[PDB]
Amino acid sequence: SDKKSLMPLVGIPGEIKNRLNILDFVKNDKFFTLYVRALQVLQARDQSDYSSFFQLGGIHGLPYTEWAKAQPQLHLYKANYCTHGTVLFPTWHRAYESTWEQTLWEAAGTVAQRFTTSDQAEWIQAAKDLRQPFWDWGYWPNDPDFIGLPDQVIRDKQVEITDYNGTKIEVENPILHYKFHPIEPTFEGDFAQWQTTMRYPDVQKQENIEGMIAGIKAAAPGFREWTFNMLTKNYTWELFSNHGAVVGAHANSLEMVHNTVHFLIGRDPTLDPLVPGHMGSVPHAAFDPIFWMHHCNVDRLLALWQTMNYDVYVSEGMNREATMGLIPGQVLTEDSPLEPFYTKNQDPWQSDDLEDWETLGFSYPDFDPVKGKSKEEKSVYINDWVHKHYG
């Protein structure tokens, strides 16, 4: 038996604290400095280190190697860890997001110790209060000029943070790109030709950032309408969680809406043939820092739907494609294993364990006003809040 995982998924210990909207997050000078610094530390780490940006990103898809396992298997099934188009879609990505979050948290903690100013108590405290922010791609405030992503995430080549002696400094933006060191050998085709993660590539295999931004704005009303439907039109887990056996069967699901957001950053739809960026492709996606922001809002939208449809969770569904943890042609229930994620007791994480999201050490501003109230009270209030916000 012994240890199965060298890095168990434990979440964040101590007080429950919120994952904040990215727009307010960047305005917090302390949180933003810590995020960028922590991110700098993860990106610098050796790509063979299971607690590195590459390894954490490499869990999702490529490369097809085992992540933080004490003993290797005899015959490793080379495939994605992530489960896509199955009933286990929203739950697996909750585990995945927290696995990331605990590594970002543990890295930021050691950064806050480095500060040599007098306000270091406010730094040490900010380090525990730190969480991964989200991008609310459903909220359009009725403004064609609006973008749900600040300049520190999609434009700035250099971001301003605070150095350990109080001085303002400019550093390379670690949220913008991620530089491979080196490019993964199993990356084929175009992705074998990019030293950094690429967003919304043009015909000449280069980033079209302004074309990406125009496309987000123009679909922003259409996404308000689509997110609002997804939350208040789905009443079963089956129709909410997966996009369907034949992709494009469940138009209203979280996944299907979540799909079209990946392409907004990753893939220009007017190109023939398609030139996908990292975010535009499953086996490369989780290498782009924006992935963690998009999947923080996915987990948020799941939490909002959970509050409304309480005690409606994972329903049984088939597993058609073989992932690295899941047998092709098996049934998936709430008790099905979420590889490569293991509990502090060396058991595979299961949906059942992470139904209550606070067990992992986070919440969402939306849930502040209804703290302590009953499921029914939280149900009413949130369903009003979704109507006030995305209606």
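Note that residue numbering begins at 1 and tracks the sequence as displayed.
**Student:** For the stretches 67-75 and 300-308, which has the higher mean C-alpha B-factor as given in the deposited record?
**Tutor:** Between 300-308 and 67-75, it is 67-75 that shows the higher mean C-alpha B-factor.
**Student:** Mean Cα B factor from the PDB record: higher for 97-105, or higher for 141-149?
**Tutor:** Between 141-149 and 97-105, it is 141-149 that shows the higher mean C-alpha B-factor.
**Student:** Looking at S315, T91, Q132, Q125, which one carries the largest C-alpha B-factor according to the PDB entry?
**Tutor:** Highest C-alpha B-factor among the listed options: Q125.
**Student:** Relative to the other modelled residues in the chain, which third contains the C-alpha temperature factor of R267: lowest, middle or highest?
**Tutor:** For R267, whose C-alpha B-factor we compare with every modelled residue in the chain, the answer is the middle third.
**Student:** Can you work out whether the C-alpha temperature factor of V370 puts it in the lowest, middle or highest third of the chain?
**Tutor:** Its C-alpha B-factor, which the entry lists for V370, ranks in the highest third among residues of this chain.
**Student:** Lowest, middle or highest third: which one holds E170 when the chain's residues are ordered by CA B-factor from the entry?
**Tutor:** Its C-alpha B-factor, which the entry lists for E170, ranks in the highest third among residues of this chain.
**Student:** Based on the deposited C-alpha B factors for this chain, I'd like to know if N252 is in the lowest, middle or highest third.
**Tutor:** Highest third.
**Student:** Can you tell me whether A218 has a C-alpha B-factor in the lowest, middle or highest third compared with the other modelled residues of the same chain?
**Tutor:** Within its chain, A218 is a highest-third residue by C-alpha B-factor, going by the deposited values.
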